[PDB]
Amino acid sequence: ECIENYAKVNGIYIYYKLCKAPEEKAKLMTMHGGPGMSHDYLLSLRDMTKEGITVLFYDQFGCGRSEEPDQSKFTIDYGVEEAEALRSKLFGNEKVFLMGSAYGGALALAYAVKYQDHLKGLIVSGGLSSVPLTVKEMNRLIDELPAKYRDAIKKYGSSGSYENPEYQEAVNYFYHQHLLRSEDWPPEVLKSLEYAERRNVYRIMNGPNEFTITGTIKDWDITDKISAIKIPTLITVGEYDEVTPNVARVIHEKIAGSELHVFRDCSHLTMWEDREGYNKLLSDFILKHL
Ligand SMILES: CC(C)C[C@H](NC(=O)[C@@H](N)Cc1ccccc1)C(=O)O
Ligand SMILES: CC(C)C[C@H](NC(=O)[C@@H](N)Cc1ccccc1)C(=O)O
């Protein structure tokens, strides 16, 4: 059973779940996506504890069970400092591996750019170094959808009528094709989605949905900074990932020595679509860079 707590970090109370032992070989911090989701959908990574990998989960500022800070702090830079504060105020000076999913991936990239000296390795899953680029690729995905849904997206989407059933059915389709390719989504994934809708971070930083990123990060782009990352890096992406392998390729190019792995028959939530394979890949990576 993991150890759960609700302590104050860089000024605000953050919820975290530390799943450690047995025979710990390394520690791994995880950064969920959204922005504005919760750690819940990453729980499948908990399996790695059986491989000697302690896993740290936590809900970022304003996310899930964590308290929301002042609006002025709704930035990726703030998320990075929040993350370093948690690592230090939990593992002291220990070197740790960092894993980020989607937005969590971009956040993990920003973190590495500044604090890679506190890391043994970096893992980015369905991540991005440029929101604009990700939008470009997502737009292509929308057009590749059957006219039926594609039209509803451009129609109600351009009218801000996200409360329409046709538009809604179009979003559901896109999700079942590029977010999670499953007819029965796990409770953990559903909980994080619910959390995003309940809090404000998702609406303020991201936007109405996965492919309608009109939040405060819409222009965020640090592709020209990531080349400064020199630590072991593992980049993963799903074949049908809403954050396409083309976006992943851009990250891979800049980080020398990094690895790029495309999960066939998978989309964005690769940790659920191929749980055993996803965990094995990360476990082998971590264990080979102690
Ligand atoms: C639906 C939630 C749980 C999934 C999440 N998705 C994201 O992080 C998107 N915000 C990706 C994005 C695109 C462009 C610019 C910023 C972010 C996840 O899988 O973690
Ligand atoms: C899309 C419906 C079923 C809710 C839920 N989606 C979310 O919580 C957002 N991340 C995406 C969203 C899409 C459309 C309308 C509101 C939110 C889900 O997919 O389970």
# chains A, B, ... in the order shown; residues from 1 in each chain; ligands from 1
>>> residues_near_ligand(ligand="ligand 1", cutoff="8 Å", atoms="only C-alpha atoms and all ligand atoms", output="JSON, numbers by chain")
{"A": [32, 33, 34, 35, 36, 37, 38, 41, 101, 102, 103, 104, 106, 126, 127, 128, 130, 131, 132, 134, 135, 179, 189, 192, 193, 196, 206, 209, 210, 211, 213, 217, 218, 220, 242, 243, 268, 269]}
>>> residues_around(residues="residue A:260", least_positions_apart="2", cutoff="8 Å", atoms="only C-alpha atoms", output="MDAnalysis selection string")
chainID A and resid 234:237 248:249 252 258 262
>>> residues_around(residues="stretch 149-158 of chain A", least_positions_apart="4", cutoff="8 Å", atoms="only C-alpha atoms", output="number ranges by chain")
A: 142-145, 162, 164, 166-167, 169-171, 173
>>> select_by_dssp(residues="stretch 12-183 of chain A", states="helix (DSSP H, G or I)", output="CSV table (one decimal) with N, CA, C and O atoms, in the first residue's frame")
chain,number,residue,atom,x,y,z
A,39,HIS,N,-3.1,12.7,-11.0
A,39,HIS,CA,-2.2,11.5,-11.1
A,39,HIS,C,-2.9,10.2,-11.4
A,39,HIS,O,-2.3,9.3,-11.9
A,40,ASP,N,-4.2,10.1,-11.0
A,40,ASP,CA,-5.0,8.9,-11.2
A,40,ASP,C,-4.8,8.1,-12.5
A,40,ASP,O,-4.6,6.9,-12.4
A,41,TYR,N,-4.8,8.7,-13.6
A,41,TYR,CA,-4.7,7.9,-14.9
A,41,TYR,C,-3.3,7.3,-15.1
A,41,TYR,O,-3.1,6.5,-16.0
A,42,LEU,N,-2.3,7.6,-14.2
A,42,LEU,CA,-1.0,7.1,-14.3
A,42,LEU,C,-0.8,5.9,-13.4
A,42,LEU,O,0.3,5.3,-13.4
A,43,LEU,N,-1.8,5.6,-12.6
A,43,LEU,CA,-1.7,4.5,-11.6
A,43,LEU,C,-1.2,3.2,-12.1
A,43,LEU,O,-0.6,2.4,-11.4
A,44,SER,N,-1.4,2.9,-13.4
A,44,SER,CA,-0.9,1.7,-14.0
A,44,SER,C,0.6,1.5,-13.9
A,44,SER,O,1.2,0.4,-14.0
A,45,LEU,N,1.3,2.7,-13.7
A,45,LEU,CA,2.8,2.6,-13.6
A,45,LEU,C,3.2,2.1,-12.3
A,45,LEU,O,4.4,1.8,-12.1
A,46,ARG,N,2.2,1.9,-11.4
A,46,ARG,CA,2.5,1.4,-10.0
A,46,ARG,C,3.1,0.0,-10.1
A,46,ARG,O,3.8,-0.5,-9.2
A,47,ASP,N,2.8,-0.7,-11.2
A,47,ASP,CA,3.3,-2.0,-11.5
A,47,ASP,C,4.8,-2.1,-11.4
A,47,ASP,O,5.4,-3.1,-11.0
A,48,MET,N,5.5,-1.0,-11.7
A,48,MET,CA,6.9,-1.0,-11.7
A,48,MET,C,7.6,-1.2,-10.3
A,48,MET,O,8.8,-1.4,-10.3
A,49,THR,N,6.8,-1.1,-9.3
A,49,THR,CA,7.4,-1.2,-7.9
A,49,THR,C,7.9,-2.7,-7.8
A,49,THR,O,8.8,-2.9,-7.0
A,50,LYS,N,7.3,-3.6,-8.5
A,50,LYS,CA,7.7,-5.0,-8.4
A,50,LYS,C,9.1,-5.2,-9.1
A,50,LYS,O,9.8,-6.2,-8.9
A,51,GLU,N,9.5,-4.1,-9.8
A,51,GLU,CA,10.9,-4.2,-10.5
A,51,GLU,C,11.9,-3.4,-9.7
A,51,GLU,O,12.9,-3.0,-10.3
A,71,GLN,N,-4.1,32.7,-9.6
A,71,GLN,CA,-4.1,32.6,-11.1
A,71,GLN,C,-2.8,32.9,-11.7
A,71,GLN,O,-2.5,32.4,-12.8
A,72,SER,N,-2.0,33.9,-11.2
A,72,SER,CA,-0.8,34.3,-11.7
A,72,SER,C,0.2,33.1,-11.7
A,72,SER,O,1.3,33.2,-12.4
A,73,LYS,N,0.0,32.1,-10.9
A,73,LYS,CA,0.9,31.0,-10.9
A,73,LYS,C,0.5,29.8,-11.8
A,73,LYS,O,1.1,28.7,-11.7
A,76,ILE,N,3.8,26.9,-16.6
A,76,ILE,CA,4.6,25.7,-16.6
A,76,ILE,C,5.8,26.0,-15.7
A,76,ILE,O,6.3,25.1,-15.0
A,77,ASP,N,6.3,27.2,-15.8
A,77,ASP,CA,7.5,27.6,-14.9
A,77,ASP,C,7.2,27.3,-13.5
A,77,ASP,O,8.0,26.8,-12.7
A,78,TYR,N,6.0,27.7,-13.0
A,78,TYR,CA,5.6,27.5,-11.7
A,78,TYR,C,5.5,26.0,-11.4
A,78,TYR,O,5.9,25.5,-10.3
A,79,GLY,N,5.0,25.2,-12.4
A,79,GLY,CA,4.9,23.8,-12.2
A,79,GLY,C,6.3,23.1,-12.0
A,79,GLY,O,6.5,22.2,-11.3
A,80,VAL,N,7.3,23.7,-12.7
A,80,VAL,CA,8.7,23.2,-12.6
A,80,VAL,C,9.2,23.3,-11.2
A,80,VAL,O,9.7,22.4,-10.6
A,81,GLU,N,9.1,24.6,-10.6
A,81,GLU,CA,9.5,24.9,-9.3
A,81,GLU,C,8.7,24.0,-8.3
A,81,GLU,O,9.3,23.5,-7.3
A,82,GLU,N,7.5,23.8,-8.5
A,82,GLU,CA,6.6,23.0,-7.6
A,82,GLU,C,7.2,21.6,-7.6
A,82,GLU,O,7.3,21.0,-6.5
A,83,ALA,N,7.6,21.1,-8.7
A,83,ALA,CA,8.1,19.8,-8.9
A,83,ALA,C,9.5,19.6,-8.2
A,83,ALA,O,9.7,18.6,-7.5
A,84,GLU,N,10.4,20.6,-8.3
A,84,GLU,CA,11.7,20.5,-7.7
A,84,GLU,C,11.5,20.5,-6.1
A,84,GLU,O,12.2,19.8,-5.4
A,85,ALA,N,10.6,21.4,-5.7
A,85,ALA,CA,10.3,21.5,-4.3
A,85,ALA,C,9.8,20.2,-3.7
A,85,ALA,O,10.3,19.7,-2.6
A,86,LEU,N,9.0,19.5,-4.4
A,86,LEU,CA,8.5,18.2,-4.0
A,86,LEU,C,9.6,17.1,-3.9
A,86,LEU,O,9.7,16.4,-3.0
A,87,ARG,N,10.4,17.1,-5.0
A,87,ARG,CA,11.5,16.1,-5.0
A,87,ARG,C,12.5,16.3,-3.9
A,87,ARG,O,12.9,15.4,-3.2
A,88,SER,N,12.9,17.6,-3.7
A,88,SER,CA,13.8,17.9,-2.6
A,88,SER,C,13.2,17.6,-1.2
A,88,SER,O,13.8,16.9,-0.4
A,89,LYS,N,12.0,18.2,-1.0
A,89,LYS,CA,11.3,18.0,0.3
A,89,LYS,C,10.7,16.6,0.5
A,89,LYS,O,9.8,16.4,1.2
A,90,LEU,N,11.3,15.6,-0.3
A,90,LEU,CA,10.8,14.3,-0.1
A,90,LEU,C,12.0,13.3,-0.3
A,90,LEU,O,12.1,12.3,0.5
A,91,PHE,N,12.9,13.6,-1.2
A,91,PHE,CA,14.1,12.7,-1.4
A,91,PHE,C,15.4,13.4,-1.2
A,91,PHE,O,16.5,12.9,-1.5
A,103,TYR,N,1.0,16.8,-21.5
A,103,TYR,CA,1.5,18.1,-20.9
A,103,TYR,C,2.5,17.8,-19.8
A,103,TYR,O,3.4,18.6,-19.7
A,104,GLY,N,2.4,16.7,-19.1
A,104,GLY,CA,3.3,16.3,-18.1
A,104,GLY,C,4.7,16.1,-18.7
A,104,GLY,O,5.7,16.4,-18.1
A,105,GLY,N,4.7,15.7,-20.0
A,105,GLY,CA,5.9,15.5,-20.8
A,105,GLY,C,6.6,16.9,-21.0
A,105,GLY,O,7.8,17.0,-20.8
A,106,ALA,N,5.8,17.9,-21.5
A,106,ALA,CA,6.3,19.2,-21.7
A,106,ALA,C,6.9,19.8,-20.4
A,106,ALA,O,7.9,20.4,-20.4
A,107,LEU,N,6.2,19.5,-19.3
A,107,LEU,CA,6.6,20.0,-18.0
A,107,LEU,C,7.9,19.3,-17.6
A,107,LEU,O,8.7,20.0,-17.0
A,108,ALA,N,8.0,18.1,-17.9
A,108,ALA,CA,9.2,17.3,-17.6
A,108,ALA,C,10.4,17.8,-18.4
A,108,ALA,O,11.5,17.7,-18.0
A,109,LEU,N,10.1,18.3,-19.6
A,109,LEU,CA,11.1,18.8,-20.5
A,109,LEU,C,11.6,20.2,-19.9
A,109,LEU,O,12.8,20.4,-19.8
A,110,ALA,N,10.7,21.0,-19.5
A,110,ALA,CA,11.0,22.3,-18.9
A,110,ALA,C,11.8,22.0,-17.6
A,110,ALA,O,12.9,22.7,-17.4
A,111,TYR,N,11.4,21.0,-16.8
A,111,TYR,CA,12.1,20.7,-15.6
A,111,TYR,C,13.6,20.3,-15.9
A,111,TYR,O,14.5,20.9,-15.4
A,112,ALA,N,13.8,19.4,-16.8
A,112,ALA,CA,15.1,18.9,-17.2
A,112,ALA,C,16.0,20.1,-17.7
A,112,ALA,O,17.2,20.1,-17.3
A,113,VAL,N,15.4,21.0,-18.4
A,113,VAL,CA,16.2,22.1,-18.9
A,113,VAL,C,16.9,22.9,-17.8
A,113,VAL,O,18.0,23.3,-17.9
A,114,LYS,N,16.2,23.0,-16.6
A,114,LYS,CA,16.7,23.7,-15.5
A,114,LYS,C,17.4,22.8,-14.4
A,114,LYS,O,18.4,23.1,-13.9
A,115,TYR,N,16.7,21.7,-14.1
A,115,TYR,CA,17.2,20.8,-13.0
A,115,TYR,C,17.6,19.4,-13.4
A,115,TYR,O,17.6,18.5,-12.5
A,116,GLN,N,18.1,19.2,-14.6
A,116,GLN,CA,18.5,17.9,-15.0
A,116,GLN,C,19.7,17.3,-14.2
A,116,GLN,O,20.0,16.1,-14.2
A,117,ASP,N,20.3,18.2,-13.4
A,117,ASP,CA,21.3,17.8,-12.5
A,117,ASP,C,20.8,16.9,-11.3
A,117,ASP,O,21.6,16.3,-10.6
A,118,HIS,N,19.5,17.0,-11.1
A,118,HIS,CA,18.9,16.2,-10.1
A,118,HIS,C,18.3,14.9,-10.6
A,118,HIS,O,17.6,14.2,-9.9
A,131,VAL,N,3.5,23.5,-28.3
A,131,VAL,CA,2.0,23.4,-28.4
A,131,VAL,C,1.5,23.6,-29.8
A,131,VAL,O,0.6,22.9,-30.3
A,132,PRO,N,2.0,24.7,-30.4
A,132,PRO,CA,1.6,25.0,-31.8
A,132,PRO,C,1.7,23.9,-32.7
A,132,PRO,O,0.8,23.6,-33.5
A,133,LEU,N,2.9,23.2,-32.7
A,133,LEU,CA,3.2,22.0,-33.5
A,133,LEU,C,2.1,21.0,-33.3
A,133,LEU,O,1.6,20.4,-34.2
A,134,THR,N,1.9,20.7,-32.0
A,134,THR,CA,0.9,19.7,-31.6
A,134,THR,C,-0.5,20.0,-32.1
A,134,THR,O,-1.2,19.1,-32.6
A,135,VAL,N,-0.8,21.3,-32.1
A,135,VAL,CA,-2.1,21.7,-32.7
A,135,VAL,C,-2.1,21.5,-34.2
A,135,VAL,O,-3.1,21.0,-34.7
A,136,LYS,N,-1.0,21.8,-34.9
A,136,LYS,CA,-0.9,21.6,-36.3
A,136,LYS,C,-1.3,20.1,-36.6
A,136,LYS,O,-2.1,19.8,-37.5
A,137,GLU,N,-0.6,19.2,-35.9
A,137,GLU,CA,-0.8,17.8,-36.1
A,137,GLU,C,-2.2,17.3,-35.7
A,137,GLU,O,-2.8,16.4,-36.4
A,138,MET,N,-2.8,17.9,-34.7
A,138,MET,CA,-4.1,17.5,-34.3
A,138,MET,C,-5.1,17.9,-35.3
A,138,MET,O,-6.1,17.2,-35.6
A,139,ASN,N,-4.9,19.1,-35.9
A,139,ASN,CA,-5.8,19.6,-36.9
A,139,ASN,C,-5.8,18.6,-38.1
A,139,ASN,O,-6.9,18.3,-38.6
A,140,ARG,N,-4.7,18.1,-38.4
A,140,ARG,CA,-4.6,17.1,-39.5
A,140,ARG,C,-5.4,15.9,-39.1
A,140,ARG,O,-6.1,15.3,-40.0
A,141,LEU,N,-5.4,15.5,-37.8
A,141,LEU,CA,-6.1,14.3,-37.4
A,141,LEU,C,-7.6,14.6,-37.5
A,141,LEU,O,-8.4,13.7,-37.9
A,142,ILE,N,-8.1,15.8,-37.2
A,142,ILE,CA,-9.5,16.1,-37.2
A,142,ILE,C,-10.0,16.0,-38.7
A,142,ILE,O,-11.0,15.4,-38.9
A,143,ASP,N,-9.2,16.5,-39.6
A,143,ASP,CA,-9.6,16.4,-41.1
A,143,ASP,C,-9.6,14.9,-41.6
A,143,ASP,O,-10.3,14.6,-42.5
A,147,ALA,N,-16.0,12.7,-42.4
A,147,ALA,CA,-16.7,14.0,-42.6
A,147,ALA,C,-17.8,14.2,-41.5
A,147,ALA,O,-17.9,15.3,-40.9
A,148,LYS,N,-18.5,13.2,-41.2
A,148,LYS,CA,-19.6,13.2,-40.2
A,148,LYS,C,-19.1,14.0,-38.9
A,148,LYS,O,-19.6,15.1,-38.6
A,149,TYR,N,-18.1,13.4,-38.3
A,149,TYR,CA,-17.5,14.0,-37.0
A,149,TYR,C,-16.7,15.3,-37.4
A,149,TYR,O,-16.7,16.3,-36.6
A,150,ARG,N,-15.9,15.2,-38.4
A,150,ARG,CA,-15.1,16.3,-38.8
A,150,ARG,C,-15.9,17.6,-39.0
A,150,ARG,O,-15.5,18.7,-38.6
A,151,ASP,N,-17.1,17.5,-39.6
A,151,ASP,CA,-17.9,18.6,-39.8
A,151,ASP,C,-18.4,19.2,-38.4
A,151,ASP,O,-18.4,20.4,-38.2
A,152,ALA,N,-18.9,18.3,-37.6
A,152,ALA,CA,-19.4,18.8,-36.3
A,152,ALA,C,-18.4,19.5,-35.5
A,152,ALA,O,-18.7,20.5,-34.8
A,153,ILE,N,-17.1,19.1,-35.7
A,153,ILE,CA,-16.0,19.7,-35.0
A,153,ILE,C,-15.8,21.2,-35.5
A,153,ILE,O,-15.7,22.1,-34.7
A,154,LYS,N,-15.8,21.3,-36.8
A,154,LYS,CA,-15.6,22.6,-37.4
A,154,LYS,C,-16.8,23.5,-37.3
A,154,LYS,O,-16.7,24.8,-37.3
A,155,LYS,N,-18.0,22.9,-37.2
A,155,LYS,CA,-19.2,23.7,-37.1
A,155,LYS,C,-19.4,24.2,-35.7
A,155,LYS,O,-19.4,25.5,-35.5
A,156,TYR,N,-19.7,23.3,-34.8
A,156,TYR,CA,-20.0,23.8,-33.4
A,156,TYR,C,-18.7,24.3,-32.7
A,156,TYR,O,-18.8,25.1,-31.8
A,157,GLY,N,-17.6,23.7,-33.2
A,157,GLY,CA,-16.3,24.2,-32.6
A,157,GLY,C,-16.0,25.6,-32.9
A,157,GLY,O,-15.4,26.3,-32.1
A,165,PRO,N,-24.8,17.8,-28.8
A,165,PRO,CA,-24.6,16.3,-28.8
A,165,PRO,C,-23.8,15.8,-30.0
A,165,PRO,O,-23.0,14.9,-29.9
A,166,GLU,N,-24.0,16.4,-31.2
A,166,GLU,CA,-23.3,16.1,-32.4
A,166,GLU,C,-21.8,16.3,-32.2
A,166,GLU,O,-21.0,15.5,-32.6
A,167,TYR,N,-21.5,17.5,-31.7
A,167,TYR,CA,-20.2,17.9,-31.5
A,167,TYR,C,-19.6,17.0,-30.4
A,167,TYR,O,-18.4,16.5,-30.6
A,168,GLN,N,-20.3,16.7,-29.4
A,168,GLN,CA,-19.9,15.8,-28.3
A,168,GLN,C,-19.6,14.4,-28.8
A,168,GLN,O,-18.7,13.8,-28.4
A,169,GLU,N,-20.5,13.9,-29.7
A,169,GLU,CA,-20.3,12.6,-30.3
A,169,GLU,C,-19.0,12.6,-31.2
A,169,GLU,O,-18.4,11.5,-31.3
A,170,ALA,N,-18.7,13.7,-31.7
A,170,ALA,CA,-17.5,13.9,-32.5
A,170,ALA,C,-16.2,13.8,-31.7
A,170,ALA,O,-15.2,13.2,-32.0
A,171,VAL,N,-16.3,14.4,-30.5
A,171,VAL,CA,-15.2,14.4,-29.5
A,171,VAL,C,-15.0,13.0,-29.0
A,171,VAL,O,-13.9,12.5,-29.0
A,172,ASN,N,-16.1,12.3,-28.6
A,172,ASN,CA,-16.0,11.0,-28.1
A,172,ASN,C,-15.3,10.1,-29.2
A,172,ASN,O,-14.4,9.3,-28.8
A,173,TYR,N,-15.6,10.2,-30.4
A,173,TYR,CA,-15.0,9.4,-31.5
A,173,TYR,C,-13.5,9.7,-31.5
A,173,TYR,O,-12.7,8.7,-31.5
A,174,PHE,N,-13.2,10.9,-31.7
A,174,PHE,CA,-11.7,11.3,-31.7
A,174,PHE,C,-11.0,10.7,-30.6
A,174,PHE,O,-9.9,10.2,-30.7
A,175,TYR,N,-11.6,10.8,-29.4
A,175,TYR,CA,-11.0,10.2,-28.2
A,175,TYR,C,-10.8,8.7,-28.2
A,175,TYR,O,-9.7,8.2,-27.8
A,176,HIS,N,-11.8,8.0,-28.7
A,176,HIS,CA,-11.7,6.5,-28.8
A,176,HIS,C,-10.8,6.1,-29.9
A,176,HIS,O,-10.5,4.9,-30.1
A,177,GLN,N,-10.3,7.1,-30.6
A,177,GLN,CA,-9.4,6.8,-31.7
A,177,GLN,C,-8.0,7.2,-31.4
A,177,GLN,O,-7.0,6.5,-31.7
A,178,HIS,N,-7.8,8.4,-30.8
A,178,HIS,CA,-6.5,8.9,-30.5
A,178,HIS,C,-6.1,9.1,-29.0
A,178,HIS,O,-5.0,9.5,-28.7
>>> residues_around(residues="stretch 8-21 of chain A", least_positions_apart="3", cutoff="8 Å", atoms="only C-alpha atoms", output="PyMOL selection string")
chain A and resi 1-5+24+46+49-50+52-61+65-69+81-82+85-86+89
>>> write_last_selection(atoms="N, CA, C and O atoms", output="short mmCIF file (atom, residue, chain, number, x, y, z; two decimals), in the first residue's frame")
data_model
loop_
_atom_site.label_atom_id
_atom_site.label_comp_id
_atom_site.auth_asym_id
_atom_site.auth_seq_id
_atom_site.Cartn_x
_atom_site.Cartn_y
_atom_site.Cartn_z
N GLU A 1 0.86 -1.22 0.00
CA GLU A 1 0.00 0.00 0.00
C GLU A 1 0.88 1.25 0.00
O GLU A 1 1.80 1.37 0.80
N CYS A 2 0.58 2.17 -0.90
CA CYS A 2 1.34 3.41 -1.02
C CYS A 2 1.08 4.34 0.15
O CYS A 2 0.09 4.21 0.86
N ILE A 3 1.99 5.29 0.35
CA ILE A 3 1.83 6.26 1.43
C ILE A 3 1.29 7.57 0.85
O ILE A 3 1.93 8.20 0.01
N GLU A 4 0.11 7.96 1.30
CA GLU A 4 -0.55 9.17 0.83
C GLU A 4 -0.43 10.28 1.86
O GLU A 4 -0.53 10.05 3.07
N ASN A 5 -0.22 11.50 1.38
CA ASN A 5 -0.11 12.64 2.28
C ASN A 5 -0.65 13.89 1.59
O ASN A 5 -0.89 13.89 0.38
N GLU A 24 14.18 -1.36 -3.31
CA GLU A 24 14.25 -0.20 -4.18
C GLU A 24 15.60 -0.04 -4.87
O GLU A 24 16.65 -0.02 -4.22
N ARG A 46 2.24 1.95 -11.37
CA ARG A 46 2.50 1.41 -10.04
C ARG A 46 3.08 -0.01 -10.14
O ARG A 46 3.77 -0.47 -9.23
N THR A 49 6.81 -1.05 -9.27
CA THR A 49 7.36 -1.22 -7.93
C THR A 49 7.88 -2.65 -7.76
O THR A 49 8.78 -2.91 -6.96
N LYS A 50 7.31 -3.58 -8.52
CA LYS A 50 7.73 -4.98 -8.45
C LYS A 50 9.11 -5.15 -9.09
O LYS A 50 9.76 -6.18 -8.89
N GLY A 52 11.64 -3.08 -8.47
CA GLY A 52 12.58 -2.29 -7.69
C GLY A 52 12.52 -0.79 -7.97
O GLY A 52 13.46 -0.06 -7.67
N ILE A 53 11.41 -0.33 -8.53
CA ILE A 53 11.27 1.09 -8.84
C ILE A 53 10.19 1.76 -7.99
O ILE A 53 9.00 1.47 -8.13
N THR A 54 10.62 2.65 -7.10
CA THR A 54 9.70 3.39 -6.26
C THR A 54 9.06 4.43 -7.16
O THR A 54 9.75 5.10 -7.91
N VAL A 55 7.73 4.55 -7.09
CA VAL A 55 7.02 5.50 -7.93
C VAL A 55 6.31 6.59 -7.12
O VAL A 55 5.56 6.30 -6.19
N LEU A 56 6.57 7.84 -7.48
CA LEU A 56 5.94 8.97 -6.80
C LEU A 56 4.87 9.58 -7.70
O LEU A 56 5.15 10.00 -8.82
N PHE A 57 3.64 9.62 -7.19
CA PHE A 57 2.52 10.19 -7.92
C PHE A 57 2.14 11.45 -7.16
O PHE A 57 2.39 11.57 -5.96
N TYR A 58 1.53 12.41 -7.86
CA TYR A 58 1.07 13.63 -7.21
C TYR A 58 0.20 14.47 -8.13
O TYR A 58 0.39 14.45 -9.35
N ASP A 59 -0.75 15.18 -7.54
CA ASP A 59 -1.65 16.06 -8.29
C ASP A 59 -1.02 17.46 -8.30
O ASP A 59 -0.82 18.06 -7.25
N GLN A 60 -0.69 17.97 -9.48
CA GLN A 60 -0.07 19.29 -9.59
C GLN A 60 -0.96 20.39 -9.03
O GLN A 60 -2.12 20.14 -8.68
N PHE A 61 -0.44 21.61 -8.94
CA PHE A 61 -1.21 22.73 -8.40
C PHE A 61 -2.57 22.84 -9.07
O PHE A 61 -2.68 22.68 -10.28
N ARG A 65 -6.80 16.64 -5.98
CA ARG A 65 -7.01 16.90 -4.56
C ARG A 65 -6.18 18.06 -4.03
O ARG A 65 -6.36 18.49 -2.89
N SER A 66 -5.27 18.56 -4.85
CA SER A 66 -4.38 19.65 -4.45
C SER A 66 -5.03 21.02 -4.51
O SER A 66 -5.86 21.28 -5.37
N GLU A 67 -4.64 21.90 -3.60
CA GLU A 67 -5.25 23.22 -3.58
C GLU A 67 -4.78 24.05 -4.75
O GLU A 67 -3.70 23.84 -5.29
N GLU A 68 -5.62 25.00 -5.15
CA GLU A 68 -5.30 25.87 -6.26
C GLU A 68 -4.59 27.14 -5.79
O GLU A 68 -4.98 27.76 -4.81
N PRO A 69 -3.50 27.52 -6.48
CA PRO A 69 -2.74 28.72 -6.13
C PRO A 69 -3.36 29.90 -6.85
O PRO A 69 -4.39 29.75 -7.51
N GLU A 81 9.06 24.56 -10.62
CA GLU A 81 9.52 24.85 -9.27
C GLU A 81 8.75 24.02 -8.25
O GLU A 81 9.31 23.54 -7.27
N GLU A 82 7.45 23.84 -8.50
CA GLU A 82 6.62 23.05 -7.61
C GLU A 82 7.19 21.62 -7.56
O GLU A 82 7.30 21.00 -6.49
N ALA A 85 10.57 21.37 -5.69
CA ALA A 85 10.29 21.50 -4.26
C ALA A 85 9.83 20.15 -3.69
O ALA A 85 10.26 19.75 -2.62
N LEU A 86 8.97 19.45 -4.42
CA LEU A 86 8.48 18.16 -3.97
C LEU A 86 9.60 17.12 -3.94
O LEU A 86 9.71 16.36 -2.97
N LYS A 89 11.98 18.16 -1.00
CA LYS A 89 11.28 18.00 0.27
C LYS A 89 10.72 16.60 0.46
O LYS A 89 9.78 16.41 1.24
#
>>> closest_residue(among="A:221, A:184, A:276, A:259", to="residue A:121", atoms="only C-alpha atoms")
A:259
